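Enquirer: Once you've had a glance at the structure underneath, I'll fire off some questions.
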Amino acid sequence: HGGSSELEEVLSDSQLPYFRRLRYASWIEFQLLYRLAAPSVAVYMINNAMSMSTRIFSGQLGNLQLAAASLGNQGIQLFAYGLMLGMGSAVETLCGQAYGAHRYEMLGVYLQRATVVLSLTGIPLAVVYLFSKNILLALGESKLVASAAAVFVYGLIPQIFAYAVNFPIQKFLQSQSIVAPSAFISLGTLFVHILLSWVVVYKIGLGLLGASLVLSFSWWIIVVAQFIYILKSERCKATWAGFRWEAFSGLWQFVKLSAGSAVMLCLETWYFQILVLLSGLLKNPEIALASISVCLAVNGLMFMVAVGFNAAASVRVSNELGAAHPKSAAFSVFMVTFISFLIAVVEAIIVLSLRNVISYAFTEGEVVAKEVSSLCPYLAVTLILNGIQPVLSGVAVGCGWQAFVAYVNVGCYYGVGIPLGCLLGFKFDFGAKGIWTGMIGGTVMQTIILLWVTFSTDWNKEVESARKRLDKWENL
Ligand SMILES: CCCCCCCC/C=C/CCCCCCCC(=O)OC[C@H](O)CO
């Protein structure tokens, strides 16, 4: 329980040579990164598999049912997904810093205080789900498609409040460096999800409504399974003191800290969505929509590995800033960035080697395979950029820089990325290469700013700022 972190700090405090000290602080760091990032990827892959399993099981009832599962997941759910996870960012930085400062008693307070805030946030998301039929026909979709997706969206209204409890519990167990139980109950519920969705759809005949209800039901099985763990777990007897009335105090404070990360995700959900819509306005958008969707799907599939390093870099900096280990935090930021950078290099190598094959996997098109292969050099740059940007955003969450990063991300995306992509794409007639270059240029500037800031960071002041943050939340 934080003993390894103390040892790493002790190792840096020695007269031993730099190379001997580097090898033997990297080994203890690499062991901590692996014990955190490996189950984090396994959790997101199994959970997204349920979103794919529900999309697959519901899509086998007709082409209208598949469009309902696709438009419901990417249209309104992806908007509701980024809003719930954004508020769960303040409980991520508060639990990790408190777990490092041995204030285990208030870890359960942050869980409930995040649940109350997220449960109130899921109320505006509920009325949007009810009128999902009206917003789809407003975008021009057919009434039969809008009513079909709404019924599928009607079944996802319990998935909203399931997020409001799963995300605080996820970051709660993440701070204590215990993410293994979450990966195994998700594996079991997936078998329960595939089995129950097969019984509800094929035998009960509830249609696409029951298909989305089984998804929302399975999401509530991992919520109950995660809560009954912390009640019986021995590593959670110091961190979960039980239900407390203090969770209702200082709700607006949790709103202000988490508001930065929430806007960063929903706008980015629209930012990529705007980049797709803008690609439809380019000259010859017939192939620009398919090629960009292939590269972004590869970018999205490669992004699933980056979120594991994001969770690891977040808890490491949080646990070290709370335990007053500034040199260990400056090393964890460096170590996560380097290992994730080498992974992004391997991701770019595989894409460049299979530049002609990856296009046929998503859609069989000969002219599409050429256009995708032409954008693979640009996609490889985005993959390398997506191997440093999320880990620098994860350490910024651990330091509480969520407001500073949100200003930079929105400014680099909407203020720099979008105008550069439209100027290169439309005015300069570079097509999809101009859009992707503008998206690259946006991510480049963001990473550069964060890199200079993070490496010029006074980690002594971040430790003091972590004490002030924990002390103020303890007073109220
Ligand atoms: C849909 C699910 C919703 C889930 C959440 C429902 C409750 C949210 C309400 C909280 C404030 C009102 C209730 C608490 C009123 C007393 C608060 C209190 O003790 O205030 C102390 C004061 O702030 C000095 O420290």
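Chains: A, B, ... in order of the structure tokens. Residues: from 1 per chain. Ligands: from 1, in order shown.
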Can you tell me which residues come within 6 Å of ligand 1 when counting only C-alpha atoms and all ligand atoms, ideally as JSON, numbers by chain?
Expert: {"A": [116, 119, 120, 248, 249, 250, 476]}
Enquirer: How about saving the chosen residues, N, CA, C and O atoms kept, as a PDB file, in the first residue's frame?
Expert:
ATOM      1  N   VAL A 116     -23.233  11.652  -6.112  1.00  0.00           N
ATOM      2  CA  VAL A 116     -24.316  12.627  -6.004  1.00  0.00           C
ATOM      3  C   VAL A 116     -24.262  13.619  -7.159  1.00  0.00           C
ATOM      4  O   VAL A 116     -25.288  13.936  -7.772  1.00  0.00           O
ATOM      5  N   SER A 119     -25.112  11.773 -10.369  1.00  0.00           N
ATOM      6  CA  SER A 119     -26.521  11.399 -10.423  1.00  0.00           C
ATOM      7  C   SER A 119     -27.401  12.588 -10.784  1.00  0.00           C
ATOM      8  O   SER A 119     -28.454  12.411 -11.407  1.00  0.00           O
ATOM      9  N   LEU A 120     -26.994  13.799 -10.399  1.00  0.00           N
ATOM     10  CA  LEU A 120     -27.714  14.994 -10.822  1.00  0.00           C
ATOM     11  C   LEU A 120     -27.426  15.340 -12.277  1.00  0.00           C
ATOM     12  O   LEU A 120     -28.298  15.884 -12.965  1.00  0.00           O
ATOM     13  N   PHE A 248     -23.021  15.205   0.921  1.00  0.00           N
ATOM     14  CA  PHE A 248     -23.893  16.267   0.439  1.00  0.00           C
ATOM     15  C   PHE A 248     -23.290  17.655   0.611  1.00  0.00           C
ATOM     16  O   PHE A 248     -23.823  18.617   0.048  1.00  0.00           O
ATOM     17  N   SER A 249     -22.206  17.784   1.371  1.00  0.00           N
ATOM     18  CA  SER A 249     -21.586  19.077   1.626  1.00  0.00           C
ATOM     19  C   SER A 249     -20.530  19.369   0.569  1.00  0.00           C
ATOM     20  O   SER A 249     -19.703  18.507   0.253  1.00  0.00           O
ATOM     21  N   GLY A 250     -20.558  20.582   0.030  1.00  0.00           N
ATOM     22  CA  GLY A 250     -19.576  20.977  -0.963  1.00  0.00           C
ATOM     23  C   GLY A 250     -19.769  20.330  -2.317  1.00  0.00           C
ATOM     24  O   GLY A 250     -18.784  19.955  -2.967  1.00  0.00           O
ATOM     25  N   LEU A 476     -14.094  22.049   4.695  1.00  0.00           N
ATOM     26  CA  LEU A 476     -15.464  22.343   4.269  1.00  0.00           C
ATOM     27  C   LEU A 476     -16.175  23.264   5.257  1.00  0.00           C
ATOM     28  O   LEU A 476     -17.365  23.102   5.532  1.00  0.00           O
TER      29      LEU A 476
END
Enquirer: If you count only C-alpha atoms, which residues fall within 10 Å of residue A:322, apart from same-chain ones fewer than 2 positions away, as a list in words?
Expert: residues 93, 94, 95, 96, 97, 98, 99, 100, 101, 102, 103, 316, 317, 318, 319, 320, 324, 325, 326, 398, 399, 462, 463, 464, 465, 466, 467, 469 and 470 of chain A
Enquirer: Okay, now the selection with N, CA and C atoms, as a compact mmCIF listing (two decimals), in the first residue's frame?
Expert:
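Result written to selection_10.txt:
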# COMPACT_ATOMS: atom_id res chain seq x y z
N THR A 93 -8.61 12.70 -9.36
CA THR A 93 -7.46 13.40 -8.81
C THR A 93 -7.55 13.54 -7.29
N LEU A 94 -8.76 13.53 -6.73
CA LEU A 94 -8.91 13.68 -5.29
C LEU A 94 -8.69 12.37 -4.55
N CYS A 95 -9.07 11.24 -5.15
CA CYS A 95 -8.87 9.95 -4.49
C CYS A 95 -7.40 9.54 -4.54
N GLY A 96 -6.72 9.81 -5.66
CA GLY A 96 -5.33 9.42 -5.78
C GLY A 96 -4.42 10.21 -4.85
N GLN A 97 -4.67 11.52 -4.73
CA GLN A 97 -3.88 12.33 -3.81
C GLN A 97 -4.19 12.00 -2.36
N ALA A 98 -5.45 11.65 -2.06
CA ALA A 98 -5.80 11.29 -0.69
C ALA A 98 -5.25 9.92 -0.32
N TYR A 99 -5.22 8.99 -1.28
CA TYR A 99 -4.64 7.68 -1.01
C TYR A 99 -3.14 7.77 -0.76
N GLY A 100 -2.47 8.75 -1.37
CA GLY A 100 -1.06 8.95 -1.11
C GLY A 100 -0.78 9.62 0.22
N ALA A 101 -1.69 10.48 0.67
CA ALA A 101 -1.56 11.18 1.94
C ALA A 101 -2.12 10.39 3.11
N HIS A 102 -2.38 9.09 2.93
CA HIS A 102 -2.89 8.18 3.95
C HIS A 102 -4.25 8.60 4.51
N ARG A 103 -4.93 9.55 3.86
CA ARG A 103 -6.27 9.94 4.27
C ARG A 103 -7.30 9.00 3.63
N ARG A 316 -0.41 7.37 -10.78
CA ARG A 316 0.97 7.50 -10.33
C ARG A 316 1.26 8.91 -9.83
N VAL A 317 0.95 9.91 -10.65
CA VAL A 317 1.17 11.30 -10.24
C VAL A 317 0.30 11.65 -9.04
N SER A 318 -0.94 11.15 -9.03
CA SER A 318 -1.83 11.43 -7.90
C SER A 318 -1.31 10.80 -6.62
N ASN A 319 -0.87 9.54 -6.69
CA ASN A 319 -0.37 8.87 -5.49
C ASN A 319 0.96 9.45 -5.03
N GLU A 320 1.75 10.00 -5.95
CA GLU A 320 3.05 10.55 -5.56
C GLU A 320 2.92 11.99 -5.06
N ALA A 324 3.85 13.09 -1.22
CA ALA A 324 4.96 14.05 -1.18
C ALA A 324 6.24 13.44 -1.75
N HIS A 325 6.11 12.83 -2.92
CA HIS A 325 7.27 12.32 -3.65
C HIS A 325 7.42 13.10 -4.95
N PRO A 326 8.06 14.27 -4.92
CA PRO A 326 8.14 15.09 -6.14
C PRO A 326 9.04 14.50 -7.21
N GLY A 398 -3.80 14.31 -12.63
CA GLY A 398 -3.25 14.04 -11.31
C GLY A 398 -2.77 15.28 -10.59
N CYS A 399 -2.38 16.31 -11.33
CA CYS A 399 -1.97 17.58 -10.75
C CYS A 399 -3.12 18.57 -10.61
N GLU A 462 3.71 21.54 -6.78
CA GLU A 462 2.57 20.65 -7.00
C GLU A 462 2.29 19.80 -5.77
N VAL A 463 3.33 19.41 -5.04
CA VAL A 463 3.13 18.69 -3.78
C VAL A 463 2.45 19.60 -2.76
N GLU A 464 2.88 20.86 -2.68
CA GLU A 464 2.23 21.80 -1.78
C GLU A 464 0.80 22.08 -2.20
N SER A 465 0.56 22.20 -3.51
CA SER A 465 -0.80 22.41 -4.00
C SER A 465 -1.67 21.19 -3.76
N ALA A 466 -1.08 20.00 -3.72
CA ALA A 466 -1.84 18.80 -3.39
C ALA A 466 -2.22 18.78 -1.92
N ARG A 467 -1.37 19.33 -1.05
CA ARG A 467 -1.71 19.41 0.37
C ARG A 467 -2.80 20.44 0.61
N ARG A 469 -5.09 21.33 -1.53
CA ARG A 469 -6.33 20.79 -2.07
C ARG A 469 -6.96 19.78 -1.12
N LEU A 470 -6.14 18.88 -0.58
CA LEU A 470 -6.66 17.87 0.34
C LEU A 470 -7.10 18.49 1.66
Enquirer: DSSP on the backbone, then: every residue of stretch 137-207 of chain A marked alpha helix (DSSP H), written as a VMD selection string.
Expert: chain A and resid 137 to 138 143 to 154 157 to 175 180 to 198 207
Enquirer: Using only C-alpha atoms, which protein or nucleic acid residues come within 6 Å of stretch 335-351 of chain A? Drop anything in the same chain fewer than 3 positions from it, and give the result as a list in words.
Expert: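 Selected residues are residues 331, 332, 354, 355, 380, 383, 384, 387 and 388 of chain A.
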Enquirer: Take the residues just selected and output them with N, CA and C atoms as an mmCIF file, in the first residue's frame.
Expert:
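Resulting contents of selection-v2.cif:
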data_model
loop_
_atom_site.group_PDB
_atom_site.id
_atom_site.type_symbol
_atom_site.label_atom_id
_atom_site.label_comp_id
_atom_site.auth_asym_id
_atom_site.auth_seq_id
_atom_site.Cartn_x
_atom_site.Cartn_y
_atom_site.Cartn_z
ATOM 1 N N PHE A 331 9.637 11.557 -12.357
ATOM 2 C CA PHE A 331 10.135 10.378 -13.057
ATOM 3 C C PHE A 331 8.996 9.563 -13.656
ATOM 4 N N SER A 332 7.871 9.458 -12.943
ATOM 5 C CA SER A 332 6.718 8.747 -13.485
ATOM 6 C C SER A 332 6.184 9.441 -14.731
ATOM 7 N N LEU A 354 0.998 -2.341 -43.178
ATOM 8 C CA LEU A 354 -0.280 -2.851 -43.663
ATOM 9 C C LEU A 354 -1.161 -1.725 -44.195
ATOM 10 N N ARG A 355 -0.555 -0.763 -44.895
ATOM 11 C CA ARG A 355 -1.305 0.404 -45.349
ATOM 12 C C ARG A 355 -2.362 0.038 -46.383
ATOM 13 N N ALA A 380 0.103 7.852 -39.209
ATOM 14 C CA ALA A 380 1.196 7.428 -38.340
ATOM 15 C C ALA A 380 1.655 8.568 -37.439
ATOM 16 N N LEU A 383 -0.882 8.800 -34.748
ATOM 17 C CA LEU A 383 -0.721 7.716 -33.785
ATOM 18 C C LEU A 383 0.399 8.017 -32.797
ATOM 19 N N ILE A 384 1.516 8.562 -33.283
ATOM 20 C CA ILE A 384 2.599 8.957 -32.388
ATOM 21 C C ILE A 384 2.155 10.107 -31.494
ATOM 22 N N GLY A 387 0.168 8.946 -28.651
ATOM 23 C CA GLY A 387 0.919 8.209 -27.662
ATOM 24 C C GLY A 387 1.627 9.074 -26.647
ATOM 25 N N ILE A 388 1.485 10.395 -26.742
ATOM 26 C CA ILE A 388 2.132 11.326 -25.826
ATOM 27 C C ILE A 388 1.084 12.290 -25.283
#
Enquirer: Between A:205, A:273, A:113, A:182, which has the minimum distance to residue A:228 (counting only C-alpha atoms)?
Expert: A:182
Enquirer: Using only C-alpha atoms, determine which residues lie at most 9 Å from residue A:231, disregarding the query and same-chain residues fewer than 4 positions distant; provide the list as a VMD selection string.
Expert: chain A and resid 226 to 227 236 to 237 240 242
Enquirer: With only C-alpha atoms as the atoms that count, which of A:396, A:446, A:456, A:436 lies nearest to residue A:377?
Expert: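 Looking at the shortest contact to residue A:377, the residue is A:436.
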Enquirer: For stretch 209-214 of chain A, list every protein, DNA or RNA residue within 8 Å, evaluated using only C-alpha atoms, and leave out those in the same chain fewer than 5 positions away; present the list as a PyMOL selection string.
Expert: chain A and resi 54+57-58+151-156+158+193+196-197+200-201
Enquirer: Just the selected residues (C-alpha atoms), exported as a PDB file, in the first residue's frame, please.
Expert:
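Full text of part-v9.pdb as output:
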ATOM      1  CA  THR A  54     -25.378  -5.083 -28.205  1.00  0.00           C
ATOM      2  CA  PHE A  57     -27.042  -8.694 -31.453  1.00  0.00           C
ATOM      3  CA  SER A  58     -29.510  -5.896 -32.211  1.00  0.00           C
ATOM      4  CA  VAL A 151     -36.701   2.968 -28.876  1.00  0.00           C
ATOM      5  CA  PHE A 152     -33.087   1.792 -28.739  1.00  0.00           C
ATOM      6  CA  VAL A 153     -32.221   5.023 -26.913  1.00  0.00           C
ATOM      7  CA  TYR A 154     -35.189   4.511 -24.565  1.00  0.00           C
ATOM      8  CA  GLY A 155     -33.474   1.304 -23.453  1.00  0.00           C
ATOM      9  CA  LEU A 156     -30.223   3.169 -22.756  1.00  0.00           C
ATOM     10  CA  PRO A 158     -30.690   3.240 -17.368  1.00  0.00           C
ATOM     11  CA  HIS A 193     -24.437 -10.092 -21.326  1.00  0.00           C
ATOM     12  CA  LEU A 196     -28.957 -12.762 -21.634  1.00  0.00           C
ATOM     13  CA  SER A 197     -29.070 -10.687 -24.828  1.00  0.00           C
ATOM     14  CA  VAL A 200     -34.072 -11.688 -24.565  1.00  0.00           C
ATOM     15  CA  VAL A 201     -33.776 -11.121 -28.329  1.00  0.00           C
TER      16      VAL A 201
END
Enquirer: Quick one: residues within 12 Å of residue A:418, only C-alpha atoms counted, chain neighbours fewer than 2 positions away excluded, as an MDAnalysis selection string?
Expert: chainID A and resid 268 270:279 410:416 420:426 434:443
Enquirer: Residues near residue A:284, anyone? I mean within 12 Å using only C-alpha atoms, not counting same-chain ones fewer than 2 positions away, as a PyMOL selection string.
Expert: chain A and resi 278-282+286-291+425-426+429-432
